[PDB]
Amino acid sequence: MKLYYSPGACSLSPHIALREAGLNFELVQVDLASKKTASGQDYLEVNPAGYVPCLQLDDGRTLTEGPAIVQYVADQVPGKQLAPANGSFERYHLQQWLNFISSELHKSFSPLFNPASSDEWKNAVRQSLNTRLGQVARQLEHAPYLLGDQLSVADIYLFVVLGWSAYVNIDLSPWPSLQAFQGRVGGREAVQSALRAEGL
């Protein structure tokens, strides 16, 4: 099993998930520019859209999109309880949060990283983010994790996205529950092992 990744990128979410699952896998780094792997192979042969993550199975079969990948990972080690059982209502609730993180958080961070983007663009996105962060913050007043008392792959994804705040000049202090969350997920061994393996 292979995870195509780039240090600090959103591929850190499946990376943390794999560790939390206690699975073994190979990291393959990708040059996000020439779209070539560390071993000099063409990545657009693996993922046509040219982004990370991509999970490749022993099979040769592949999966892209974080929310899909992290669900595949969790379902390999149900004992770890990293996602609700499929067919339970809480699994749809997991998927809801995964899509929220991806479409409402992650995609809003994207143009803040972009040097080309105007200041009128960035400021509109920053206002939307503040609002969406407020919503996530309120959720994390109810319980230490997005779905309650057990860590799920949705918390892992959220931890990764929130960790980008430092690079786009977002202070998380206005939301005590988001800082409490960061701290709580930040100090897990699997998470640390993942940051270490990525040089962070």
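Residues carry their position along the shown sequence, with the first being 1.
In this crystal structure, the stretch out of 149 to 157 and 166 to 174 whose C-alpha atoms carry the higher mean B factor is 166 to 174. With 108 to 116 and 75 to 83 compared on mean CA B-factor from the PDB entry, the stretch scoring higher is 108 to 116. Of the candidates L32, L63, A143, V136, it is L32 whose Cα B-factor is highest according to the PDB record.
Taking only the listed residues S88, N123, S102, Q95, the entry reports the highest CA temperature factor at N123. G183: CA B factor lies in the middle third for its chain, per the PDB record. The deposited CA B-factor of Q41 belongs to the highest third of values across its chain. When the modelled residues of the chain are ordered by C-alpha B-factor, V28 sits in the highest third.
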